[PDB]
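Next up: just one chain, as structure tokens, the form deposited in one PDB entry.
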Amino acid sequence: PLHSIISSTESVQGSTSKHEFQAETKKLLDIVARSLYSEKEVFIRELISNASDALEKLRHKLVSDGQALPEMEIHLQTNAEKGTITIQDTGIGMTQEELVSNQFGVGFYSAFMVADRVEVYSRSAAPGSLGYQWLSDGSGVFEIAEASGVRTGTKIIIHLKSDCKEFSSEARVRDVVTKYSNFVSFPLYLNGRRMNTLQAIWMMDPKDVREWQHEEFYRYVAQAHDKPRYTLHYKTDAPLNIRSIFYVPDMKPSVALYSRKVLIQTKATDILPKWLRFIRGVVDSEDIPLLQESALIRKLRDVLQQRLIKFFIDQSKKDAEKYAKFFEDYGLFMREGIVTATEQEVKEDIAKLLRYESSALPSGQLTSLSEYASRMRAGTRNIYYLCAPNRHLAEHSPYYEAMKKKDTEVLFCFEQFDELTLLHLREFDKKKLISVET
């Protein structure tokens, strides 16, 4: 089962031509190498991500041209003996000009975060392409030379710093891979061992994913053994770029942040409003660059809050008995969110999820503030509710019994935390929330 492709096949016949980065390239290299990423280990993530993109570009090209498909793989090799770590892909490679002038991303230069020297071999996939070697110690000077024995694609050999030797031990590198790159779109091997088995199902067409995949992934992200009660597969480009799946556990009572199938933060606590912290799943967006995550993250937070509210509302429409169970189990969060919200309009959005018993309905079945209001006739600026220990006492309440042959229907709350929520909300839509007993 041991499968490796990394070996010394490369040789350079002539001497190298020395180049020197410009004022820009000098700033870039310095900032990315020590000022940009907080943890140094993410260089593995960036290079893996680069290798994936190059693999994709070649595959799309061959498939577009109708050509057959070669081995499309990503390989990592650690050498603690030589203090090196190497990553090779068999993707679309690089031309001489690209090796010289170079938006695949900076991500490649993140290597100088842990290396005092980087040695590169690349060969373009286009027929008759030549291979080239690229050398650099990161001092703004790099060398270029035509190389033979270069396989199509790109091979990066990192000569690790004295105190970065940890990334030459397989055990350390394996952990880094499984942490950040477990959903990589192409086969990934480490010292010949296959490492990635999980599929990024959030990138799929939602109507192609089936139940068992959503169950598997839910159990992964939520580290859970039950099943998702609710599943929302949300994809969008207009507001921002968004690839995401949200789950509500079957069980009674966080979301991962990804970008292009690579992990940014396992606990994206700021991605959703605090009251939606019961939601499990993943958010993938190309729009994200630590303790301070908030920036335009908020814009995404607001997008997701609105999409989730509409989701649960739509759920209410199609299924009321299931949603009534959901409201029973998770109402707490909605109430917390309503009392927490600063803007009134946000309060009323979340409040659209609340369900209460009504006087004009059989005891047991619930209604929403909107549903109550629609039937309201010749009624201005009022929503009437009564809080009692139970439906029995609510109906037999003289306060309500007054509304018996009178104008309006009356909502029934049986818990004090529901009444306080209405009091706090004050007005909803065109109407003010008012207690029968004053």
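Sequential numbering from 1, following the sequence displayed. In this text, the rigid core denotes the largest set of C-alpha atoms whose superposition between the two forms falls within 1.5 Å.
Task: No coordinates for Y220 in a third or more of the other PDB entries - done: Negative; every one of those entries includes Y220.
Task: Gap at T380 across at least one third of the other PDB entries - done: Across the compared entries, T380 is left out in at least a third.
Task: Gap size, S254 back to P253 (deposited sequence, no coordinates) - done: A long stretch, 10 or more residues, is missing between them.
Open item on the list: Unmodelled residues of the deposited sequence between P289 and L290: none, 1 to 3, 4 to 9, or 10 or more?
Closed with: Going from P289 to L290, the model skips 4 to 9 residues of the deposited sequence.
Open item on the list: Mean CA temperature factor from the deposited coordinates, higher in 274-282 or in 341-349?
Closed with: Result: 341-349.
Task: Of 52-60 and 371-379, the stretch whose C-alpha atoms average the higher B-factor in the entry - done: The entry gives the higher C-alpha B-factor average to 371-379.
Task: C-alpha B-factor winner, where the candidates are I313, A200, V120, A295 - done: Of the options given, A295 has the highest CA B-factor in the PDB entry.
- [ ] Using the B-factor values recorded in the entry, state whether the Cα atom of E419 falls in the lowest, middle or highest third among the modelled residues of its chain.
- [x] Within its chain, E419 is a middle-third residue by C-alpha B-factor, going by the deposited values.
Open item on the list: Based on the deposited C-alpha B factors for this chain, I'd like to know if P389 is in the lowest, middle or highest third.
Closed with: Ranked within chain, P389 CA B lands in the middle tercile.
- [ ] Using the B-factor values recorded in the entry, state whether the Cα atom of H225 falls in the lowest, middle or highest third among the modelled residues of its chain.
- [x] Ranked within chain, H225 CA B lands in the middle tercile.
Open item on the list: Looking at the temperature factor on the CA atom of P206, which third of the chain's modelled residues does it land in?
Closed with: It falls in the middle third of the chain.
Task: Ranked C-alpha temperature factor of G107 among modelled chain residues, by third - done: Middle third by C-alpha B-factor.
Quick note: we don't show the form deposited in another entry, though the next part is all about it.
Task: Listed options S181, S244, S359, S316; Cα moving by 2 angstroms or more between this form and the one not shown (core superposition) - done: If I go through the list carefully, the shifting residue is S359.
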